[PDB]
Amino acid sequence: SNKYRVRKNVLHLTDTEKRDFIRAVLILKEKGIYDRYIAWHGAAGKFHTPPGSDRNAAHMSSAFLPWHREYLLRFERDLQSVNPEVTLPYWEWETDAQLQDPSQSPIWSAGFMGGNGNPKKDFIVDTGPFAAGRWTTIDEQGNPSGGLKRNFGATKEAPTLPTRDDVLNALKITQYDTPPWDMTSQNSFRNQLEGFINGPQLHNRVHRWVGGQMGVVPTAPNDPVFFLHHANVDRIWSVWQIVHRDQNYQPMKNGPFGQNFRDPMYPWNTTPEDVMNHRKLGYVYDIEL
């Protein structure tokens, strides 16, 4: 009940907790650990299940949630090797969606994620610890690039963060996922939270809202907010799991290889079964207490 790592709302962190998280992230970048996460996600993005399909190991299929859960767990263990006091916080974007100007959220402060893109600098982030020249970036190929970009709400398809209602409506869906286990799956928790139902919604919508590297699959984890975004997605999934006790992961069999309960998820040997119970992985979200 207190033996569990607690994953907290960013906004509930002390100035010291915020500072310790930023320091761990910067240490992981300098050591070479952070870039492993950029590459895993990109490689997973280009690994199709099966070949020629528009499904991949990490997106547009059943493995989206368990893939990202293992991803966050590995990243958290690396944070903890720098500083065991640190756990992964979540960005509750559905709350920030209530602000007149969501760029005023303390997540975007110079002491945390830093601010929106500067439009006079072709939308380079020139504030916070991950500003251009304080924080290097990788392009689609794996070679260096020009620094972090962000353009909050700049596309017509995602002018807005998802709302508490978007989240609650997804939480009502009775099945984890449905055939054909892809971006067309109807009445699918996985697919609706992923955000492909009348998309971009929810998870996809937050990616497109931030824009910059965060806006496209190959580069998204260049932005540390990638992890705060995905911690919130993982929390929302963990709530669905309590609300629907009778329900389990799908498919259990006859999905593409890498999408089944007991299949390994490229680029790891980790299976969905291995990550279904988040308590057994040794963590809880603060609101589960």
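The first residue of the sequence shown is number 1, and the count goes up from there.
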Checklist entry - On average, are the C-alpha B-factors higher in 101-109 or in 86-94? => result 101-109
Item to check | Average Cα temperature factor in the PDB entry - higher stretch of 72-80, 135-143 | outcome: 135-143
Checklist entry - When you compare the CA B-factors of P51, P66, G42, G258 as listed in the entry, which one comes out on top? => result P51
Checklist outcome for this item: From the entry's CA B-factor values, the highest among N222, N232, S61, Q247 is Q247
Next on the checklist: Ranking every modelled residue in this chain by its Cα temperature factor as given in the entry, which third contains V239?
Outcome noted: middle
Checklist outcome for this item: For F123, the third of its chain by CA B-factor is the highest
Checklist entry - Among the modelled residues of its chain, does the C-alpha B-factor of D166 lie in the lowest, middle or highest third? => result highest
Next on the checklist: For the chain shown, is the CA B-factor of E194 in the lowest, middle or highest third of its modelled residues?
Outcome noted: lowest
Checklist entry - Thinking about Cα B factors across the chain, which third does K253 belong to? => result highest
